[PDB]
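Peer 1: heads up, no residue letters with this:
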Ligand code: CLA
Ligand code: CLA
Ligand SMILES: CC(C)=CCC/C(C)=C/CC/C(C)=C/CC/C(C)=C/CC/C(C)=C/CC/C(C)=C/CC/C(C)=C/CC/C(C)=C/CC/C(C)=C/CC1=CC(=O)C(C)=C(C)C1=O
Ligand SMILES: CCCCCCCCCCCCCCCC(=O)OC[C@H](COP(=O)(O)OC[C@@H](O)CO)OC(=O)CCCCCCCCCCCCCCC
Ligand SMILES: CC1=C(/C=C/C(C)=C/C=C/C(C)=C/C=C/C=C(C)/C=C/C=C(C)/C=C/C2=C(C)CCCC2(C)C)C(C)(C)CCC1
Ligand code: OEX
Ligand SMILES: [Fe+2]
C-alpha cells in the first residue's frame, strides 16, 4: 500500500517546515 | 484509487486535520525547546566564541578528533 | 573444416557446447563466495584507509630489508 | 580485537540485519500478494 | 513586366539556393563586412590601447598569439561611448591604435544578426510555416546584444565590452564577477537552470526516440537507414517511450502529447536565456546580485563567516587586480 | 589458405558523414594546437 | 546543374602498382632525407 | 613561423564549411 | 632524435618488401 | 620558444586521420558506381 | 644542429603521397567488389 | 513456482512506483542522500571544519547553506559512524563533517541504483537501452568531481560541498588555483552544454512550427491523439526551411534524435576527463612561449597574461580564509593590490 | 465532497504564508545583519 | 577620411532603400496561399 | 569633429546629394510598378491581393 510511499516523504517535510518557521523568529 | 478523488473527500480531511497540526507543532517544539542544538551539536548564538577561546575552533587530529571536540565544546 | 594435428588434440575441449546443469545448480554456492569476496574488499580498503586499525599493522613506508 | 576492529564486525553484523529485516519482510509479503494465474 | 517586379520576384524567390529575402538586403552586406574585418583583425592587427593609459594590448596572431590568447581587443577607454568610424579618425593608424575595428565588427554584427533573425521569419511566411522560429532565436540575440551593446552603454564605454576572443571572454567573465556578483544574481541562476535543463531535456528526448525505433534495417547496415526521407509512416513507437518514462518516474509526469512535448523543449531554454540576458542588462546599470557579506552575527556582534564571505574574498581578489594601472581613486565607479 | 569467409561485409561512409568527420578533426586541431605548441 | 557527363571514367590501381609506388616513395624518402636534414 | 600553422587551420576549417553547404548530398524523395 | 627518422624509413621500407613477396597478387592462367 | 614536436603532432593529427575519412568515402562511392553497371564500373 | 623544417619535409613526403597511393588501391578493390554483386557490393 | 519466482513476480508488478530489483539499491540509498542533505543544510554547522556557518539554524538562507566537507586533518577517511574518528557518537560525527561523506557515498550508490533502474525498465518494456547510456554522462560528472577530485587532492576538504553557494566558491577556487577555463576539456564541455541547449531549442521550435492542420481549433495542442501513425509535422518542409536559412539541415529523424543524445552527453564525458587531470594537478596553467616572452619583454601584454594577474588575486586573497587549517597569516604588504584599489 | 479549486485555494495561500514568512526572517532575527 | 565617408553613405542608403521599398512592394501578398 | 550635433552626421554639403540620390534612385524604381496606380481602390480584407 502506497501510504508508506508518500508519507515517507511528507511526514518529514511538514516536520522540517515546523522548524523553518520557528527559525524566522529566533534572534541573537 | 485516483489521487484527486482522495484529497477532495471529507474523510481524508478528517484524519489529516489532526495529524498535520500535531506534527507541525512538534517541529516547532523541536526548535523552541532547544533540543536541536544538542542532537546535532550546532552552536547557539551565545556560544560561537567563549571567554577563553576567542579564535575559530578547528579539528587538528585524525584519530583523537572526538577528544578534541570534547575540548572545544565544554567552555 | 580442416583437420590439423594440433586441432585433433584440443577437439574434446571444444566438443561440448551449451550443455547446462539442469536447475539452479551451484548458484547458492557462488553467492556465498561473492558475499565473502565483498567482505574481503571492504576490509582491505579500510586497512588502507586507516579506518580499520589492526594491532602491529601500520600503513606507512616501512623499512624493507636492504 | 582492537577498538576499530571490534566495532567494524559489529557494523558488519548490523549491515546484515539491515539487509535481513528488509529481506525477511519481503519474502513474507511476496507470499500474500502473489498473482492469480 | 517592370524591372522592379522582376527584381522583387527574384529576391523573394524560394527557388534560390539560399533565400535572400528583404532582410538579406541588410543581412548579407552587414555580416560579410563583420566577417571580412574580423578575419583581418584577428590575424593581422596591431596592439590596441584598451585601458586608455597608452599600454597597448596585443590581440592578433602576427603579434605572437594563438587561437586562445588572440582576440579583437575592445576600443579605448579614451574613446568610451563615442562613435568612432574610420572617417572620424584622421588615419587608419590612429584608428587601429585606439580600438578601431571593435566598433566596426560589433555594429555590423548586431545589425546582421537582427536581420538574420527577421530573415528566419520571412522564409517561414513564404513557405507556409507557422512563423515563430525567429522568436526562439531572440534568446541568443538578447544575449549578444547584452554583452556587446547594453553592457557598454550602462557602463559608459565600449572598453568594458566583451573582447572578441577566447581568453578575452574569460577576462570578461571574471571582471564581471568581481564588480557585479553575477553568480548570486537570480537571473544567471535562472539560465544555468535553462541550459542544464536544456541539455537534460535534449538528451532525454533524444534518447527516448532512439530507444523506441521500429525495426526497418538489418544488423549489418546502419540504424539510420530505416528512415526514408519524406515518408509518411511514423518512425518510432511513441506509445513505447511513453510507457517507459511513465514507469521511470511515475505515470502522470509523462507527456503523451508529442506537440506539447516538442513545445516544452522550446520553452525551457529560450525562457531561460531571455531571463539571463536581462540579468546582464540589469547589471549593466549596476543593479548587482545579492550581497550577503557579514550577514550572520553572534549575540556579541562578531561577524560569523558564511560561504558568501568566502565567495567575497574571491571577488576582492579580482576587484583589486583588474585594470591594475587604470585606477587612481579608491572606488571602481566604472 | 582455406575457403572464402562468409563474414565479408562492406564499409560505407556517405557524403554527409564525411563532412562531420573532417570538421571534427580540424576543430580538434584548432583547439588542441595552442596547447601542444605551448 | 546540367546533365551527367558522358566522360566519366574509373580509376584503377592493381596490387602490383601499389607496391611500386610505395617503394618509390620510401626509397626517395631514404635518399633525400639526409640532404634535407643537412 | 608559429602563426602560419594557426592560419592554415582556420582557413582550412572554412573550406570544409564551404563544401558542406554548396556541395551537400541533396536529399530526394523517392 | 634525428636518427629515429632514419630508422623508421629503413624498417618501413622493409615492411613493404615483406608484403610484396608474400601478399603478392598471384597470377593465374584463365 | 615552442616545442618542435608539436608541428608533427598537429600536422599529422590533421592529415593522417582526415585522409583516412576521405578513403572511406571514396570506396563508398566506388561500390555504388561498381554495382550501377554504367560507364564507371569496369 | 639540424633544420627543424626537415621533419615536416620527410614525414609529409612519406605520408601524404603514400596515403594517396593507398586510396587508389582501395577504390580499385571497391569497384571490383562493387560489380561482383555478392555480399560486399551494397 | 520457486521462491525466486515469487519475489521476481512481486517486484515487477504494475503498481504506483515501479520497484523492481534495482529499487532495493535505489530507494534506500537515494532516500538517505536526499534526507542527509536536507538535514545537513538545516541543522548541522560548519563551525569546526571550515569555520563557517552553513545551516538554517545559523541564519543562512537557501543560497548560503551547505553540507560541508570535513577537515583536512581527517584526510581521506570514510568517516564511518562506528569508525575511529566518530566512535559511535552521532553528535561528534556531524561536527567532524560525517554527513558529507554520508551524502556522497549513499548518493554514489543512488546513481548506481538509478542507472540499473534504466536497464531494468527497458528490458521489461522491450526497448533499446539508450537512456541508461545517456545517464552515464551525469554519472561521470558526479564521480569525477565529488569522488575522484578530492582523492587526488590532499583530503575530502577540497571537494564541492553540497550547497548552492558552496558550489559557487568551488567554481572560483578552480580558476585561481587551477586555471580551469583554459583546459580544453572544459572547452569541449561548454560546447556540449550550450550545444545541447541549442538543439532542443531548435527542435522544439521547428516541430512546433511545421505542424499539420489536424483540427479547426486555433489551439494546436488539442489535435494529437497519441496512438496515431501519421507524423505530426512536415519533415520535408522543415528540411526545406533550414536548407535555405542555415544552408545545411537534417534529412533524417533517426539521425536527428540520436544527435540530440550525442551532443549533451559527450560534453559531460570530455569535461569529466579534464577534472580527473586536475586531481593530479596536471593543469593547463600557462603557455610558456607567452610566459618567456612577457618576462623578457616588459611591454608585451595579451588578454592571456591579464588573466594570470586576476588569478594572483584569487590565490592570495581568498586562501587566507579558504584554508584555516594551514594558518596562512599574510601581512597586508604581501597581498597583491593594484593601483589605488 | 469538496470542490478541488477550494483545496488549491486554501493550500495555495498557505504556501504564500509560508514563503513570505521566509522572506520576513531575511530582514529580522538570525542572518539579518542587524 | 571624407572620401571613404561618401562611399559609405552610398552603400548604406542603397541597401536601406532596398529594405524600405521592399516591404512597400505589396509584401504581405507574397505568400504561398494565393498570389 | 565627432561630437557635433549635426543632422544624420552630415558634416559637409556633399553628403546630402548622396542621401537624396539614394532614396530617390530606388523610389523611382518602386514607382515604376507600384506608382501610377489607382489611389482610390479599397478592400474590406485584412490584406490586399490587388495586382503587381
Ligand atoms: C554504475 C552502475 C553500473 C551499472 C548500471 C552497470 C550495469 C551493468 N552491469 Mg556492471 N559493474 C559496475 C557498475 C555498473 N554496471 C561496477 C562498478 C562493477 C565492478 C567493476 C561492475 C561489474 C559488473 C560485472 C562483473 C558484470 C556487470 C554486469 C552488468 C549488466 C547487468 C546488471 C548487473 O548485474 O549490474 C551489476 C550490479 C551492480 C552494479 C549492483 C551493485 C550493488 C553493490 C554490490 C552494493 C555493494 C555496496 C557495498 C556493500 C558498500 C560498501 C562499499 C564502500 C566501502 C565504498 C549491466 C550492463 C554483468 C554483465 O556483463 O551483463 C552482461 C556482469 O557480468 N557489472
Ligand atoms: C558559459 C558558461 C559555462 C558553461 C556552459 C559551463 C559548462 C560546464 N561546466 Mg563550467 N565554468 C565556467 C563557465 C561555464 N561552464 C566558468 C566561468 C567557471 C569558473 C572558472 C567554470 C567552472 C567550472 C567547474 C569548476 C566545473 C565546471 C563544470 C562544468 C560542466 C557542468 C557539469 C554539469 O553538467 O553538472 C551537472 C550536474 C551533474 C551531472 C551532477 C549529477 C546530477 C544529479 C543526478 C542530480 C540528482 C538530483 C536528484 C533529482 C535529487 C534532487 C532532489 C533534492 C535536492 C531534494 C559543464 C561542462 C564541472 C565539470 O567540468 O564537471 C565535469 C566542474 O567541475 N565548470
Ligand atoms: C518502515 C521503516 C523502516 C520506516 C522508515 C520509513 C521509510 C520506509 C522511508 C523510505 C521511504 C522513501 C524515502 C521512499 C521514497 C522513494 C523516493 C521517491 C525516493 C527518491 C528520493 C528523491 C529525492 C526523489 C525525488 C527526485 C525525483 C525522482 C524527481 C523527478 C523529477 C521530475 C518530476 C521530472 C519531470 C521532468 C519532465 C517533465 C520530463 C519530460 C520532458 C522530457 C523532454 C522527457 C522526454 C520524453 C518524455 C515523454 O513522456 C515522451 C513520451 C517522450 C517521447 C520523451 O522524449
Ligand atoms: C549568411 C548565412 C548563410 C549560411 C551560413 C553557412 C554556414 C553553415 C555552416 C555549415 C555546417 C557545416 C558542417 C557540416 C555538417 C554536415 O554536413 O552535416 C550534414 C547533415 C545532414 O545530415 P542528413 O540528415 O543528411 O544525414 C542523414 C545521414 O546520412 C547521417 O549521416 O546536416 C546536419 O546534420 C548539420 C546540422 C548541424 C550543423 C553543424 C554545424 C556546426 C557549426 C559549424 C561548426 C564549425 C564552425 C567552425 C568555424 C571555425
Ligand atoms: C540524515 C540522517 C538520517 C535521516 C534521514 C532521513 C529520514 C531524513 C529525511 C529527511 C527529509 C526527506 C527531509 C525533507 C525536507 C523537506 C523540506 C524541508 C522541504 C521544504 C520545501 C520547501 C521549502 C519548498 C518550497 C516551495 C513550496 C512549498 C511550494 C512552491 C515551490 C517552492 C519550491 C518554493 C538517518 C536517520 C538515516 C541517520 C543518518 C543521518
Ligand atoms: O574599463 Mn574595463 O573594468 Ca568596468 O570597472 Mn571600471 O571600467 Mn575599467 O575598471 Mn573595472
Ligand atoms: Fe523530437
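Peer 2: Cool, the structure landed. Numbers count the residues shown, from 1 in each chain, chains lettered A, B, ... in the order given. Ligands and ions are numbered 1, 2, ... in the order given.
Peer 1: which stretches of the chain form helices?
Peer 2: The chain I'm using is chain A. Here chain A has its helices, by DSSP state H, at A:3-20.
Peer 1: nope, chain D please
Peer 2: D:3-32.
Peer 1: just chain C next, same as before
Peer 2: C:5-14, C:27-48.
Peer 1: likewise for the stretch 201-334 of chain E?
Peer 2: E:238-248, E:258-280, E:307-319 (DSSP state H, counting those that start in this stretch).
Peer 1: out of the helices of chain C, which comes closest to residue E:299?
Peer 2: Residue E:299 lies closest, by CB to CB, to one member of these: helix C:27-48, at 42.7 Å. Placement of C-beta: from N, CA and C, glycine included.
Peer 1: buried deepest among the helices of the stretch 201-334 of chain E, which one?
Peer 2: Ranked by mean neighbour count, those are led by helix E:307-319 with a mean of 23 (mean count of other CB atoms under 10 Å in any protein chain shown).
Peer 1: just to revisit the earlier point, closest to chain H out of the helices of the stretch 201-334 of chain E?
Peer 2: Closest to chain H of the helices of the stretch 201-334 of chain E is helix E:258-280 (CB to the nearest CB; 21.7 Å).
Peer 1: do that closest one and chain L meet?
Peer 2: Yes: applying CB under 8 Å from any CB of the partner chain, one finds helix E:258-280 in contact with chain L at E:258-260, E:262-270, E:272-273.
Peer 1: rebuild those residues as TSV, extending it with distance to ligand 1.
Peer 2: Listed next are these as TSV, based on distance: CB to the nearest ligand atom, whole Å:
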residue	distance to ligand 1
E:258	29
E:259	33
E:260	31
E:262	29
E:263	32
E:264	28
E:265	27
E:266	32
E:267	31
E:268	27
E:269	29
E:270	34
E:272	30
E:273	33
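Peer 1: ok, of those, which one's closest to chain G?
Peer 2: Using CB to the nearest CB, those come closest to chain G at residue E:262, 35.7 Å.
Peer 1: the closest residue in space to the closest one that isn't next to it in sequence: how many residues sit nearby?
Peer 2: Nearest-residue entry for residue E:262: residue L:207, 3.9 Å, with adjacent residues in sequence omitted and distances by CB to CB, 6 or more residues apart in numbering or on different chains. The number of residues packed near residue L:207 is 21, by other CB atoms under 10 Å in any protein chain shown.
Peer 1: isn't residue L:207 right up against residue L:233?
Peer 2: Yes: counting by CB atoms under 8 Å, residue L:207 touches residue L:233, with 4.9 Å between them.
Peer 1: need the overlap of contacts for those two.
Peer 2: The contact sets of residue L:207 and residue L:233 overlap at residue E:262 (CB atoms under 8 Å, 6 or more residues apart in numbering or on different chains).
Peer 1: wait, residue L:226 touches residue E:238, no?
Peer 2: Yes: using CB under 8 Å, residue L:226 is in contact with residue E:238, at 6.2 Å.
Peer 1: what is in contact with those two at once?
Peer 2: Joint contacts of residue L:226 and residue E:238 (CB under 8 Å, 6+ apart) are residue E:258.
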